[PDB]
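*Asks:*
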Amino acid sequence: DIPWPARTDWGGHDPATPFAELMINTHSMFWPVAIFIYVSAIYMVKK
Amino acid sequence: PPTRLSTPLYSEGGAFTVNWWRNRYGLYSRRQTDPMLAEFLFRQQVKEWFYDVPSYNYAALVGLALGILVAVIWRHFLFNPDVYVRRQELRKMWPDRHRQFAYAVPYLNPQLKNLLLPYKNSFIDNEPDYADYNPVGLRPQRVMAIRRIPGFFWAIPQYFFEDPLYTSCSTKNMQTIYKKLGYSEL
Amino acid sequence: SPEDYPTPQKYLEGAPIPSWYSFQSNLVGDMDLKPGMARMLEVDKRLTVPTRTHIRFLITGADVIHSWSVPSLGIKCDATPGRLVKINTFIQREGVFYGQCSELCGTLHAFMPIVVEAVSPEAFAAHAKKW
Amino acid sequence: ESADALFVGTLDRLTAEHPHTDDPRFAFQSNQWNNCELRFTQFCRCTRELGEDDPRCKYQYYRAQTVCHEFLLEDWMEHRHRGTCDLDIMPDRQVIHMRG
Amino acid sequence: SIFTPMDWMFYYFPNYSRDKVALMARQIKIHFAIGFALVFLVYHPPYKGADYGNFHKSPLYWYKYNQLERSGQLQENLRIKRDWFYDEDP
Amino acid sequence: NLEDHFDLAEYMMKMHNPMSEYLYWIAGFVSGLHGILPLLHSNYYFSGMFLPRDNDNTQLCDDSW
Amino acid sequence: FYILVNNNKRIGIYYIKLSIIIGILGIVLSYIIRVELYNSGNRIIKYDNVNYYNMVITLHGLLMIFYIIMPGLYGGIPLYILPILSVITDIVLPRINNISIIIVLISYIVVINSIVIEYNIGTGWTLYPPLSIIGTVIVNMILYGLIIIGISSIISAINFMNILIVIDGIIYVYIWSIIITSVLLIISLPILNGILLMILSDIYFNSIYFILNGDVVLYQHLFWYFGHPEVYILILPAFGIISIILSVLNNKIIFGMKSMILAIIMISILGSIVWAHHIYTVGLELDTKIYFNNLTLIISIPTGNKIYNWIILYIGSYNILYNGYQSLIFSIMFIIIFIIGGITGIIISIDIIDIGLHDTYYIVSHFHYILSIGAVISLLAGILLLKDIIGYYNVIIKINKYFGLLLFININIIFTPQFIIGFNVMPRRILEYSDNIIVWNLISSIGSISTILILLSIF
Amino acid sequence: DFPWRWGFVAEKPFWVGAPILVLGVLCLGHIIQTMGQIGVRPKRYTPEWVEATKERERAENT
Ligand SMILES: CCCCCCCCCCCCCCCCCC(=O)OC[C@H](COP(=O)([O-])OCC(O)COP(=O)([O-])OC[C@@H](COC(=O)CCCCCCCCCCCCCCCCC)OC(=O)CCCCCCCCCCCCCCCCC)OC(=O)CCCCCCCCCCCCCCCCC
Ligand code: HEA
Ligand code: HEA
Ligand SMILES: CCCCCCCC/C=C/CCCCCCCC(=O)OC[C@H](COP(=O)(O)OCCN)OC(=O)CCCCCCC/C=C/CCCCCCCC
Ligand code: CUA
Ligand SMILES: [O-][O-]
Ligand SMILES: [Cu+2]
Ligand SMILES: [K+]
Ligand SMILES: [Mg+2]
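Here the protein sequences come in this chain order: S, R, G, L, Y, B, H and V. Using our numbering, read the first sequence as starting at 596 and increasing by one per residue. Using our numbering, read the second sequence as starting at 1055 and increasing by one per residue. Using our numbering, read the third sequence as starting at 52 and increasing by one per residue. Using our numbering, read the fourth sequence as starting at 469 and increasing by one per residue. Using our numbering, read the fifth sequence as starting at 1435 and increasing by one per residue. Using our numbering, read the sixth sequence as starting at 18 and increasing by one per residue. Using our numbering, read the seventh sequence as starting at 568 and increasing by one per residue. Using our numbering, read the eighth sequence as starting at 198 and increasing by one per residue.
(1) Of all the options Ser76(G), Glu93(G), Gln75(G), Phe74(G), which has the alpha carbon lying nearest to the alpha carbon of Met82(G)?
(2) Rounded to whole angstroms, how far is the Cβ of residue 1053(H) from the Cβ of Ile802(H), which I believe are closer than 8 angstroms?
(3) Could you check if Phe905(H) is buried or exposed, using at least 16 other CB atoms within 10 Å of its CB as the buried criterion?
(4) At what residue ranges does the stretch 1077–1120 of chain R contain a whole run of the beta strand (DSSP E), taking only runs of 3 or more?
(5) Just grab the DSSP bridge partners of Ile138(G) for me.
(6) Mind checking if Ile902(H) is an interface residue toward chain S, Cβ cutoff 8 angstroms exclusive?
(7) Would you call the CB atoms of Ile821(H) and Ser814(H) closer than 8 angstroms?
(8) Flag this pair as yes or no: are the beta carbons of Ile718(H) and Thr621(S) separated by less than 8 angstroms?
(9) Short check: CB of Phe496(L) to CB of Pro1135(R), under 8 angstroms?
(10) If distances are taken between C-alpha atoms only, which option among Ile746(H), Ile738(H), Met708(H) comes closest to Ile725(H)?
(11) Would you report the Cα separation of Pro650(H) and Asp735(H), rounded to the nearest angstrom?
(12) Output, in sequence order along the chain, the residues in the stretch 810–827 of chain H whose CB is closer than 9 angstroms to any CB in chain R.
(13) What did DSSP end up calling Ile1514(Y) once you bin it into helix, strand or coil?
(14) How would you call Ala473(L), buried or exposed, if buried means at least 16 neighbouring beta carbons within 10 angstroms?
(15) Round the Cβ separation of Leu585(H) and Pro638(H) to the nearest angstrom and send it over; I've been treating them as touching at under 8 angstroms.
(16) What three-state label does DSSP hand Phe777(H) in the structure shown?
(17) Could you check whether the Cβ of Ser118(G) sits closer than 7 angstroms to any heavy atom belonging to ligand 9?
(18) From the beta carbon of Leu1235(R), is the nearest beta carbon of chain Y less than 8 angstroms away?
(19) Assuming contact is defined by CB atoms lying nearer than 8 angstroms, are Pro804(H) and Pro661(H) in contact in what I supplied?
(20) Could you work out which residues of chain G lie near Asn74(B), taking near to mean beta carbons separated by less than 8 angstroms?
(21) So what's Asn258(V) in DSSP terms, helix, strand or just coil?
(22) Against chain Y, which members of the stretch 1113–1130 of chain R pass a CB distance test of less than 9 angstroms?
(23) Here's a check: name, in chain order, each residue in its chain whose Cβ is nearer than 6 angstroms to the Cβ of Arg507(L), leaving out the five neighbours to either side.
(24) In angstroms with no decimal places, state the Cα-to-Cα distance between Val206(V) and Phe1026(H).
(25) To which residues does DSSP link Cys78(B) through a beta bridge?
(26) State buried or exposed for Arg524(L), treating a residue as buried only when at least 16 other CB atoms are found within 10 Å of its CB.
(27) Using a Cβ-Cβ cut-off of less than 9 angstroms, give me the residues of the stretch 926–946 of chain H that come near chain G, in sequence order.
(28) Please confirm whether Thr621(S) has its beta-carbon closer than 8 angstroms to some beta-carbon of chain R.
(29) Going by alpha carbons, who is nearest to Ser744(H) out of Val962(H), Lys825(H), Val602(H), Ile879(H)?
(30) Between the stretch 128–135 of chain G and the stretch 487–503 of chain L, are three or more C-beta pairs nearer than 8 angstroms?
(31) Would you say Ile635(H) and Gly593(H) are within 8 angstroms of each other, going by their C-beta atoms?
(32) Kindly list the residues whose CB is nearer than 7 angstroms to the CB of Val602(H), restricted to its own chain and excluding five residues on each side of it in sequence; keep chain order.
(33) Answer with buried or exposed for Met36(B), where buried requires no fewer than 16 other C-beta atoms within 10 angstroms of its C-beta.
(34) What separation, rounded to the nearest whole angstrom, lies between the Cα atoms of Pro200(V) and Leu1023(H)?
(35) Just grab the DSSP bridge partners of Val147(G) for me.
(36) Strictly by DSSP, which residues pair up with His1152(R)?
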């Protein structure tokens, strides 16, 4: 509904429509893949 | 890849072969000034670019991307009801454009749309079937999928019969609850 | 022929054809804010809509490109001149959802918020009948 | 009465019985401008045949309002009253086939 | 060749790969035809793919379905857990 | 000539006049002023003040200062 | 002489010098923005002078893109080393090289003069009509600057393409990076000029393209048909630099040179056909949206191959060599930072995610991490590598671990919070905002003041 | 070869100086940004306005 202080709200917050829920879950679905892509690559940044 | 100029290079016949490439590689080249030097530079380029295994991966990617691109362009021109190349219908008012209106419904129901819409229950927790029923008939009635979308949907069970709350979150149970209160029709 | 202009039988028998009502929604100025109002988001006329109903929003822009954004409803549609974009929504819970214009539209791009209040269908009908 | 009666007769009937739903000829696109122009042209042709007072033409105006924003309709309705609306010029005074 | 290490293509199919320039052209053409076919044979076909009574049910679907059917879990899972809005206040 | 071998020989050989550096820094400083001076001028033109007082466009408590 | 010089290496120095000068104006504008956004209220801009903020954000974007990073990565380092990498005496077109830098300076003077003399209003750096065409004369002046800049960019692109005719050695990856950017410019600029001329026609010649019955969405197509190729014209030279630095400093031959080259070519072709991911919320047809979303996600493949090829360059390098040199640190930091920016780009590429995140500060943080952090650091790293060849001194940068650490920490303090407020949500191109977004905005503002202070320590 | 400021900083261990410098720069930034708002007391942050927003949230179920 309205922004609240010091909230991460990663991927969205307070959906009030089925489409709004879809948007939040699409981001949540891809987020672990993004973490994998980052962690897997960064771990090899070294001599 | 031979290392001696005496040993010939095999070429197929056609429009993209080793012989076809040799004929055209040095057309604009100031460095291929004699047969020996020209052949050495030609084989140097062929060895570097065509005998490089990873280079073939990019060849696949350009073909796939370009094929999709050409086809999406063609599809718009050939089928999209809103793209006009002929002028007969554009010389008439909107109510009279019957030939162009014929593209509308067939274009509104592509195969992949019918195949993938049932899988909305892998993205929506509450009332994933909220928009399934439509009495008009421009589109097919939608039935929710029985399985999660293959891939990265580990958060939901592989099959929805496994989920305990799935049936209680349906637009039908929600309608029952709200209709019992007199709250709303849907 | 008269039948080339399809009309429901009820209206052909004398039923009143519906009218439309238009209202303007403006930001509440800093000096006009009340103790509890949210600064930069409150408006003087909210848009009331019924919940648990399929609503079609047709959005356009008269002069420049604005953008009608309601984050809670998952709507962000550009109000472009010449395009009447259709957006379908189905609100599931009551409340007041605040949004802001999302396309630089001039000096006061930051001062045209979007407030939508979703109420029960019985409440919406009473409101519409009175306002 | 027939289940497919709406599609029968005209494609226009579908939105006439369901004013707030997609028209079959424009449902493929989110932009509904062309839909508004067809609906206005249909209101213009109704009045020419039946007059402004006919309930049919009054409803054809309600149908036009369902898809046309008021600021566009007011402007287009003034052009129509003057006699400059290009969607209402009588067909024998059109210039579309002249000089090309 | 699709999803194929071309080092393998060079080893196991030496005669088909002898002309590497021609081999590259086929790589492009094959994947061009695949992309073109996807649009006009998987996406475009009109009024198709709406047979929801024919949802594929794989061997794994039945393994898991029968397991839950044998026990009471399938019945319990499908049961509607709540069909009222307000609890009764004592 | 040996003096002409290197581009910008005086600077590279560390004999250049410091005024060249000062002009470069001054030029950058003037460039920066093109964002600040018109800000002050425009504020005064439309308000009468060169810069606002934090939250002076909103309601303030009686003791606010 | 100073202005008459045709030496390609001198002109390269001029490009870097001018980028820093114009950059001062760019950074100042950024400080104004962040200061204003520190809390809710008016802080340094009056409510009656809100048009100035709109102009500040517009000029910030335009200057940093076309007058700072592009002249620095495509004009500065390229004009200094490309003729050396090509083992050629000098650049193919000497006189054209001279006029290009002069043109850039003259267009800069026009822009800043328009700040001082014209009424200050803004329409974004994307100059969307009808807003751009209903403005005052400052918009006309900005258009002249862009067109003039376009002339310099195209002639410089012609200059680099001619190296293929004279190159006496091997086309290294970096040379390939510049050539492809030149091709991208030759194909994208003419389209930009056309649409800019149409903006002028509506502003100055009573044209009606951007009024009713004319589609305003037309501009966005032609603009972004240049817009997105521009973001790769700005990043590809940076990639070329990263390749040289990693190979040289680690004493390791580039791995998969041909895949690096073919990855750059691929990014260009794909980058020329994905522009409408900037137009997701306008209301395009479903199939168009799906095409553009699909092709946009494909760009990650070639971009990913380059990243992993860089990683193996740093892996296995000798431990005895000191690894604290600023150039090496910046090159490594680029890989770490670019992945963040690219991944967030893939997130916004999904159109449904984009509906929520369009015109929000998440987009800001996305392109800042790539440009304000990645591109800047790449240009710094490249100049630092060539410190001996260029010969500049009177700075403490070459070995300064404090500067690198402070820059990395504080730059992330600015833009990481901007990802959070993207789901809050705080729109872009605004100055006032709700009181519940102050915390994150305040943190980013503290980051901006700190970064500026660290820029003073180098001297 | 360096001025006093760098000779002083570069003499200390990096992980002694670096952490202190990071905090110092951040503190200075906040101080600078607080000088222009000393004594500013907007009415919307008073307890009365804070309570009224809570009332609005309860009514709107925010
Ligand atoms: C992003 C920032 C931070 C970056 C950090 C990272 C940096 C990493 C490293 C980057 C390295 C890049 C590569 C460097 C290569 C250097 C090569 C080099 O040195 O070349 C040699 C080159 C020339 O050396 P040379 O070969 O001996 O040249 C001899 C001359 O050709 C002949 O000698 P001459 O004595 O005969 O010279 C003629 C001289 C004759 O000069 C004189 O007679 C001067 C007399 C004194 C005047 C002083 C100024 C007075 C101003 C008064 C203002 C009054 C305001 C009143 C307001 C009242 C208000 C109520 O000048 C003139 O006649 C013309 C001067 C025109 C230019 C100056 C323009 C100033 C601004 C004008 C604004 C106008 C606005 C008008 C608006 C109108 C609107 C209606 O060096 C330079 O030009 C200096 C470069 C210095 C810096 C080099 C880089 C060092 C490393 C970076 C340090 C950080 C810099 C940060 C940016 C600046 C921040 C502010
Ligand atoms: C040089 C600058 C630069 C670069 C490189 C990019 C790169 C990309 N950008 Fe861009 N972008 C901008 C600058 C840049 N962008 C700017 C300035 C804007 C805003 C302009 C404005 O609106 O005014 C913008 C806006 C922008 C939007 C608009 C969002 C909105 O308007 O709401 C989108 C969405 O599609 C997008 C997508 C992408 C993608 C998908 C990439 C890809 O290139 C990213 C590819 C990189 C990776 C993917 C990471 C590395 C690869 C791997 C680690 C392999 C493994 C990863 C996967 C398999 C996914 N960008
Ligand atoms: C490459 C271009 C570039 C660069 C470097 C930056 C750098 C910065 N930008 Fe950026 N910014 C844009 C391009 C850039 N920006 C664009 C295109 C927009 C959108 C415009 C629009 O909305 O219309 C934008 C918008 C934008 C906004 C949004 C304002 C709004 O529209 O509401 C904000 C503030 O939040 C901001 C802040 C900053 C800050 C704090 C820095 C930096 O100060 C962070 C600190 C880093 C440094 C201070 C180092 C920079 C040094 C150099 C650039 C010189 C390099 C030269 C050599 C190495 C020789 N930027
Ligand atoms: C040289 C001898 C003289 C030749 C004289 C020719 C004169 C006319 C030339 C006109 C331009 C060329 C196209 C001619 C088309 C003729 C047939 C025709 O009318 O086609 C109409 C048809 C659609 O018509 P409507 O019914 O109005 O729309 C219905 C809803 N979509 O349009 C077309 O097919 C023509 C327009 C597209 C032409 C190009 C083909 C489409 C795909 C382009 C792909 C581009 C990407 C790259 C491809 C690379 C190669 C694979
Ligand atoms: Cu309207 Cu922004
Ligand atoms: O722009 O990506
Ligand atoms: Cu883009
Ligand atoms: K503020
Ligand atoms: Mg936008």
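For every residue, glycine included, the Cβ atom is placed at its ideal position computed from N, Cα and C.
*Replies:* According to the structure shown:
(1) Counted from its first residue, the third sequence places residue 82(G) at position 31. Residue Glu93(G) is the option with its Cα nearest to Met82(G).
(2) Here chain H comprises residues numbered 568 to 1026, so residue 1053(H) is not present and cannot be evaluated.
(3) As a first step, residue 905(H) is located in the seventh sequence; it is residue number 338 there, counting from the start. Buried, because 16 or more other Cβ atoms sit within 10 Å of the Cβ of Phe905(H).
(4) none
(5) Residue 138(G) sits at position 87 when you count from the first residue of the third sequence. Per DSSP, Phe108(G).
(6) As a position in the seventh sequence, residue 902(H) is number 335, starting the count at 1. By this cut-off, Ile902(H) is an interface position.
(7) Taking the seventh sequence and counting its residues from 1, the one referred to as residue 821(H) is at position 254. Taking the seventh sequence and counting its residues from 1, the one referred to as residue 814(H) is at position 247. Against a cut-off of 8 angstroms, the Cβ pair of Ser814(H) and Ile821(H) comes out as a contact.
(8) The residue given as residue 718(H) occupies position 151 in the seventh sequence. The residue given as residue 621(S) occupies position 26 in the first sequence. No.
(9) As a first step, residue 496(L) is located in the fourth sequence; it is residue number 28 there, counting from the start. As a first step, residue 1135(R) is located in the second sequence; it is residue number 81 there, counting from the start. Taking 8 angstroms as the Cβ cut-off, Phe496(L) and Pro1135(R) qualify as a contacting pair.
(10) Counted from its first residue, the seventh sequence places residue 725(H) at position 158. The shortest Cα separation from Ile725(H) among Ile746(H), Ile738(H), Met708(H) belongs to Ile746(H).
(11) Against the seventh sequence, residue 650(H) aligns to sequence position 83. Against the seventh sequence, residue 735(H) aligns to sequence position 168. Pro650(H) and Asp735(H): Cα-Cα distance of roughly 10 angstroms.
(12) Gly823, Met824, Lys825, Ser826
(13) Here residue 1514(Y) refers to the residue found at position 80 of the fifth sequence. Reduced to three states, the DSSP call for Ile1514(Y) is coil.
(14) Looking up residue 473(L) in the fourth sequence gives position 5. Exposed, since its Cβ has fewer than 16 Cβ neighbours within 10 Å.
(15) Position 18 of the seventh sequence, counting from 1, holds the residue named residue 585(H). Position 71 of the seventh sequence, counting from 1, holds the residue named residue 638(H). Yes, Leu585(H) and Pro638(H) are in contact; Cβ-Cβ is about 6 angstroms, under 8 angstroms.
(16) Counting from one through the seventh sequence, the residue named residue 777(H) turns up at place 210. It is coil, neither helix nor strand.
(17) Within the third sequence, numbered from 1, the residue matching residue 118(G) stands at position 67. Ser118(G): yes, Cβ under 7 angstroms from ligand 9.
(18) If you number the second sequence from 1, residue 1235(R) lands on position 181. For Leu1235(R), the answer is yes, since a Cβ of chain Y falls inside 8 angstroms of its Cβ.
(19) What you label residue 804(H) is simply residue 237 of the seventh sequence in a count that begins at 1. What you label residue 661(H) is simply residue 94 of the seventh sequence in a count that begins at 1. No.
(20) As a working mapping, residue 74(B) is identified with position 57 in the sixth sequence. Chain G residues near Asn74(B): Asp81.
(21) By 1-based counting over the eighth sequence, the position of residue 258(V) is 61. The answer is coil: DSSP assigns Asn258(V) none of H, G, I, E or B.
(22) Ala1113, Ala1114, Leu1115, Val1116, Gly1117, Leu1118, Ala1119, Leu1120, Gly1121, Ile1122, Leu1123, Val1124, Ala1125, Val1126, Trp1128, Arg1129
(23) To locate residue 507(L), count along the fourth sequence from 1; it is residue 39. Contacts found: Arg531, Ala532, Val535.
(24) For the purposes of this step, residue 206(V) is identified with residue 9 of the eighth sequence, where counting begins at 1. For the purposes of this step, residue 1026(H) is identified with residue 459 of the seventh sequence, where counting begins at 1. So the two alpha carbons sit approximately 14 angstroms from each other.
(25) Locating residue 78(B) in the sixth sequence gives position 61, counting from the first residue. Its beta-bridge partners do not exist; DSSP assigns none.
(26) Counting from one through the fourth sequence, the residue named residue 524(L) turns up at place 56. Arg524(L) comes out buried.
(27) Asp926, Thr927
(28) On the first sequence, position 26 is the one that residue 621(S) refers to. Interface residue, yes.
(29) Position 177 of the seventh sequence, counted from the first residue, corresponds to residue 744(H). Among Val962(H), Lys825(H), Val602(H), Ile879(H), the Cα nearest to that of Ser744(H) is on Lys825(H).
(30) yes
(31) As a working note, residue 635(H) is residue 68 in the seventh sequence. As a working note, residue 593(H) is residue 26 in the seventh sequence. Cβ distance < 8 angstroms, so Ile635(H) and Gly593(H) count as in contact.
(32) For this step, residue 602(H) is matched to residue 35 along the seventh sequence. Within the same chain, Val602(H) has close Cβ partners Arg610, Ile611, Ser1012.
(33) Position 19 of the sixth sequence, counted from the first residue, corresponds to residue 36(B). Exposed, by the Cβ-count rule.
(34) Here the question's residue 200(V) lines up with position 3 in the eighth sequence. Here the question's residue 1023(H) lines up with position 456 in the seventh sequence. Those two C-alpha atoms are separated by around 14 angstroms.
(35) On the third sequence, position 96 is the one that residue 147(G) refers to. Paired residues: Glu168(G).
(36) For this step, residue 1152(R) is matched to residue 98 along the second sequence. Partner(s): none; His1152(R) has no beta bridge.
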